[PDB]
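Labels below follow one simple rule: chain letters A, B, ... track the order of the sequence lines, proteins then strands, and each chain is numbered from 1. Atom set for the values below is all heavy atoms of this structure, side chains included, hydrogens, waters and symmetry mates excluded.
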Amino acid sequence: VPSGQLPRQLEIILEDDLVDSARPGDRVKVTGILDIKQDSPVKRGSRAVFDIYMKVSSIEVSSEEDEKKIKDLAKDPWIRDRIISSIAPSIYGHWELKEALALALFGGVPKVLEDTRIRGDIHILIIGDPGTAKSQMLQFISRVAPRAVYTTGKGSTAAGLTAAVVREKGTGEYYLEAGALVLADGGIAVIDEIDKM
Amino acid sequence: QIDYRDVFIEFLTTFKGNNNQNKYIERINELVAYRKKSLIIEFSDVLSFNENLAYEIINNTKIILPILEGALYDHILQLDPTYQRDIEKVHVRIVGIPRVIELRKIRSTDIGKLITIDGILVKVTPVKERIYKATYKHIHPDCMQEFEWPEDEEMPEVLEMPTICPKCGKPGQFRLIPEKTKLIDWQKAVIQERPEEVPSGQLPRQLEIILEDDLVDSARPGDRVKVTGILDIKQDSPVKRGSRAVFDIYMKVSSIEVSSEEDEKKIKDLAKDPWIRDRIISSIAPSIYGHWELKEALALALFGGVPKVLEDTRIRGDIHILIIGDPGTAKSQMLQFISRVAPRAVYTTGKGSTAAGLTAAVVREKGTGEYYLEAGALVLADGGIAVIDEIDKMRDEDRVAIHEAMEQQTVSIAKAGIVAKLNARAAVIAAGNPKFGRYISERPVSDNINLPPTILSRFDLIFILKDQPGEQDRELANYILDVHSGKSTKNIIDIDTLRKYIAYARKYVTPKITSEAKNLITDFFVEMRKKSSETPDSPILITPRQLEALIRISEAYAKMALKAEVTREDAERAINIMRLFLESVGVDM
Amino acid sequence: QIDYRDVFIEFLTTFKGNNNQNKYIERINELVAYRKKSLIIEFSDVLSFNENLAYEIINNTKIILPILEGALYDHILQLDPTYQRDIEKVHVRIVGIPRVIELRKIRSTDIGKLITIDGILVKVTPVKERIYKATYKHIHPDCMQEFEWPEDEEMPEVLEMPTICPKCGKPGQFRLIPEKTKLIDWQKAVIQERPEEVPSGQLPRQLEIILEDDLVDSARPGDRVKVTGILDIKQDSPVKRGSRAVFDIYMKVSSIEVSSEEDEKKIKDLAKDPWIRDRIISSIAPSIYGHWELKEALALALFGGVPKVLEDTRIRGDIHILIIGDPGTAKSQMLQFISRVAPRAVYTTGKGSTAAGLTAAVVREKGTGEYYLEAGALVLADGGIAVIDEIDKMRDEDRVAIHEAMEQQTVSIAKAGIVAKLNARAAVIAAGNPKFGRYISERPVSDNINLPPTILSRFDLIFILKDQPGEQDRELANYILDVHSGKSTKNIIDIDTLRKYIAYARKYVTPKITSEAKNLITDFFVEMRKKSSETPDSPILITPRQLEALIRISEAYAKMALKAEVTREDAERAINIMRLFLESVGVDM
DNA sequence: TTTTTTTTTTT
Ligand SMILES: [Mg+2]
Ligand SMILES: [Mg+2]
Ligand SMILES: [Zn+2]
Ligand SMILES: [Zn+2]
């Protein structure tokens, strides 16, 4: 996005076996043919201006050499120390906090019992004086995690965190839109300035 | 090709059941007895009897289904002619189709084929009428003729009127004649996929289903059902131009399954054991050890007392239980167990789910602005059990209205020009955290749960759960890890058998109070009042509501053993459990 | 086919009533005398006279009702020639049809047959006009012709215009002529099923009914009614293209019954008892033990005083009662009994207890975006009794909003560009708990009640209920257990005849004050004022409102015995009950 | 319903 501008959007069409090939919030690479979009041909009067939409032919989300590379890293006896040392390299100190943040990236193993369920996710709360690089680390966590969402207490609403009802004015229909917590399912949700929410 | 009508008729009359009893004839006779007009058959039986017939049903259901219905109708009228002039069309429905498709996996290849879907009902529209054979009159000064426009064909889902009068061969204006128009019952429902099968990070899908004829009002909203039928593309408005060559898909329901005499025999047999009362206590929440007093109370709540309806007043028969447990005391384990074991239960929190927190609310219409009513948690749980976790942070509006619903079991509205009264006869089981994090023994109960003392008097029993760091910690730690690995106890009753046991007792047992039980309860209540009077700072008010609790608790014990009357033993147990409750809150009984 | 109008005319004259008085002959006379234009026929008197006439009326209702009505019109014409050119068409109403169908059980087969439905009226639209015979003029320079479009046929519900002029056989445009158009009165109302028949966990359903001609304004919302007629499909917007061959169901009302000379005889017989006052008091909440003085007060509020309307002022005639008591003192149970026996009552416990919900609310009409008033609890209770529960839990700023309603019996709103006044002539009965939940004898009376003196002066009687344990618990426990055992008190006036007695007394008895009663009331008021001046610490102000409370109470006692004037004994009873109220608040006399 | 600024009544 250029300076002082808002992000742009494009409409894509998935057909046949390409449906349900991705989830919202994913970074994708999409290939296909561009075409102009027609929606109300009968609406005569000016409006000789059309929008462009993409006709998808193949979609990629986000492999053998990498797996070999990963296995070699795990062979080092001090791999755990290397991983901790790699969390926010630009921050001095805070070794205990860095160690805990590494654990939350991996997490535990969920367990389904006879009656109840045990979560595998780890929740971390940080309280610190201003200027202690709390926000710098959280920015790093949201960038290194395979799936993460960064939110702020003041810039978030209850509807925007769980699900927002969108009335389809074209047909007068109600349907849900995924919120921040839903989009972070299976990942990490990062909340800054939780005390100010 | 081969006429299966003869095969179908002999199959029904010569079906070897569990003992070759020909159960299909039995239900056919039952159908004639009550004029049910709908016969259901199992696909497994058809396949076992003649797999060739089964394949035709599952492959060409569009063509051969009316053929089979005609053969069945002829057999029914031949067996009994009185069925005529009452039902002109019988219905045959297939269940247990092996072609099961997940809701999210439906594609274009499944359109027009017989498939079955499993899901949850969310919305049900009121019953309406659909035209399948209309009658029209040509308004042209020379015609004055009446005719049925959809000639030799059923009226499609799209209402269309003739352009040229068939009788006079002229165009013009046509008027519908409702008096000579055939109608069929029509209902629309929405089915939603279960949360278990929803992929991660995605919203649940929905599907529109249409119920017609006797299938209307076959399932209350919020029930897990299995639906079988045909898929088709919806046509909301075919005359709407604007491209949009895409369409949704809906389902024409042909058979719906929701979720015995032998059970009643085994239920009565299960009650023959004189130790049945203690067995039921053990069967409650087998995962958690100890907490026998709390387990005993929950068993009484499920059975409940017998409500009294008099000429001028109504007396509550439900039993309300309050649990105040420290954090980490696993107060949500049996609460989840209670919901599963209860035949009808509603799970919610203090704030509720919708705008109507617990009792009810009045909401303006989004489209028209008209005022209507929305049922709360208590109303939706009428006749069952309402499990309300986290009772201590209910809405401020409900903090006053709950007084009437908890005692009079009614919700009264006199707002925005609407006067209404809704029944709320539901037993309430609620859990709340202490207002100071950890419970304080020396302090009273009112200043420990953050509720008005009036509400406390409306609860039959109150129990306090404390996480005492005693010797049990080692056992508790081992117990917690054993639950992680997996373990179970023995000599209990499964939830499935227990659930029907409670349902049977609540429908056929109405215990009566005897003189011996009457005298025992009277003496204890007088004794209760004296003890509270002596203490000038009693932590719990002893009101006449307590006397009603003794009657209700004692009746539950008799209902627990399917007793016709209440005896001394039932009264003695009722007194003892109340004595423990007074000790728990810190009253020297 | 044979005719029956001769038998119908014969039945109207040859039928013998209970005493062979030929009421239908008398009923015809009343119809002619008052130009009633509508006649009511009981179905139980038709099959008894001729069973054959009963079935044809039920079955072929469409093609036999106009025939019978036409014959009756000729019978009236000879009975009174002047009835002509006053009422051109007459109507006959049939009630007590054996075909009664529950609202939820209506299906396709029930359309087109005479049925009966019992329910509750919730809303009525204002009276309108419907065209059943239109007159048109062809706007085409050649034609200039006027005609009635629907020939030999009543104009359908859908407004249809001619396409070809019958006078000239040419197309064009036509102009309606309102001056030559025949109209019929039209009204729409919505009926709701009673809560008794609503299934548990479900919201009540509604049905739309149409009242036409003299049936308009025959009932008001909130009334239990029994309606008879024919169902039909609703063609609200037939011009709406877009498929949707699904139609709703509405009801064409033929007769309506709301909620008898024999009742008057029964009521008058009851008043002959010298101890009728005692019997009425004993009949108030028989299931509640004790509280005799509170039961006496509740009886007075049900009957009330005599409002005075003068050329310059209006004087309140209603009686207001306030009850303060400890929890579990049967306050809510007794209040619920009032709503059952009162002809019109409104209940409000926790929801709608705000200022807007109690008197009136200004709501934005989303149809046009403007503002209009919505009736509150007190306005909806006009002419009846308003019951308020948990008054002590109401906010003080919300509670003061009813000061004008309790005394001036009007509600005035000046908000958001709306200035309006509404009538709120209702009796207010309120219940609540003391300041500290339970009454404390150590604290004075003033802080125990915790209410401003301004609102206390508006209550005619105030009672304090104390739950003090003692020797009466055994009697209370025995009485409660006896109630649970099914035992009931005898020699008690039951519910429905008590409701009739109160309704008759309120609208037919107007006692007047005599000279004997004037002296007794004046003397007590002077004595009461002196006692109040003696003690300045009293929590109750003795204002002139108290003097009028004595007048209102004394009139109610006379009205309770169907007496035409207030005598010495009635004044003495009013003074006696006033003494107890003063003693109940610590004001000795 | 949803975020927004606004005057208003009422949560
Ligand atoms: Mg920061
Ligand atoms: Mg009460
Ligand atoms: Zn024609
Ligand atoms: Zn003409």
Side-chain angles (χ1 to χ4, degrees), chain A residues 6 24 151-183 196-197, chain B residues 122-123 203 206 350-374 376 393-402 411 413-418, chain C residues 348-380 390 393-402 405 411-420 422:
Chain A
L6 292 157
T151 64
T152 295
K154 266 297 304 189
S156 311
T157 57
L161 281 176
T162 54
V165 160
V166 173
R167 185 183 303 107
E168 211 286 306
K169 191 68 173 174
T171 68
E173 200 86 308
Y174 285 123
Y175 68 101
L176 282 183
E177 193 73 16
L181 284 167
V182 171
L183 290 163
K196 265 134 192 160
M197 212 177 32
Chain B
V122 284
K123 255 179 280 146
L203 300 161
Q206 274 176 342
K351 306 132 183 300
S353 64
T354 83
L358 292 179
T359 45
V362 198
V363 187
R364 273 199 102 202
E365 180 50 69
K366 314 184 107 64
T368 79
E370 192 174 0
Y371 276 104
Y372 68 96
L373 273 161
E374 294 275 22
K393 298 153 154 272
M394 71 178 24
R395 301 168 188 273
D396 289 345
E397 49 261 30
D398 276 315
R399 261 174 174 281
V400 187
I402 201 78
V411 185
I413 305 298
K415 176 132 183 55
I418 285 179
Chain C
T348 306
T349 63
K351 310 218 89 161
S353 280
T354 55
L358 277 167
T359 63
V362 190
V363 302
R364 178 135 73 260
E365 206 275 316
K366 259 286 169 199
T368 43
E370 60 170 302
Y371 282 99
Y372 74 111
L373 277 178
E374 213 73 66
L378 278 161
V379 174
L380 287 159
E390 310 287 355
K393 280 132 179 59
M394 215 174 345
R395 275 138 42 73
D396 210 327
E397 49 263 34
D398 271 307
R399 164 151 29 80
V400 62
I402 67 169
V411 167
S412 74
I413 304 297
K415 289 180 205 181
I418 294 187
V419 180
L422 295 164

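Taken from CG in B/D398 to OG1 in B/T359, the straight-line distance is 4.0 Å, to the nearest 0.5 Å.
If you take CG of C/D398 and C1' of D/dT10, they are 10 Å apart, rounded to a whole angstrom. The separation between B/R364 atom CZ and D/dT9 atom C1' is 13 Å, rounded to whole Å. The distance from atom CD of C/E370 to atom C1' of D/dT8 is 16 Å, rounded to the nearest whole Å. Put simply, NZ on C/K415 is 9 Å from P on D/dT11, counting in whole angstrom units. Distance C/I418 CD1 to D/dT8 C1': 12 Å, rounded to the nearest Å. Here D/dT11 presents its P atom at 15 Å from CZ of B/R395, a figure rounded to the nearest Å. Between the CD atom of C/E374 and the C1' atom of D/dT9 there is a distance of 14 Å, rounded to whole Å. Following rounding to the nearest Å, B/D396 (CG) and D/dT10 (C1') show an atom-to-atom distance of 15 Å.
In plain terms, the two heavy atoms of B/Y371 and B/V362 that are nearest each other are CD2-CG1, 3.6 Å.
Annotation for C/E365: atom CD counts as buried by contact number, over 12 foreign heavy atoms lying within 6.0 Å.
For A/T157, a side-chain nitrogen or oxygen approaches OP1 or OP2 of D/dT3 to under 4.0 Å.
Backbone-only contact: C/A361 has heavy atoms under 4.0 Å from sugar-phosphate atoms and none from a base.
No side-chain donor-acceptor contact under 3.5 Å links C/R364 to the backbone of C/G369.
For the P atoms, the distance linking D/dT2 with D/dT6 amounts to 23 Å, nearest Å.
Each of D/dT3, D/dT10, D/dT8 was ranked by its minimum atom distance to the side chain of A/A159; first place goes to D/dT3. Comparing atom distances between the C/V362 side chain and each of D/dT9, D/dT1, D/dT2 picks out D/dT9 as nearest.
Take C/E374 and apply the salt bridge (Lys or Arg N to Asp or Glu O under 4.0 Å) test, not counting sequence neighbours, and it matches no residue.
Nucleotide D/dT6 shows a positive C1'-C2'-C3'-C4' value and thus a north, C3'-endo-like sugar.
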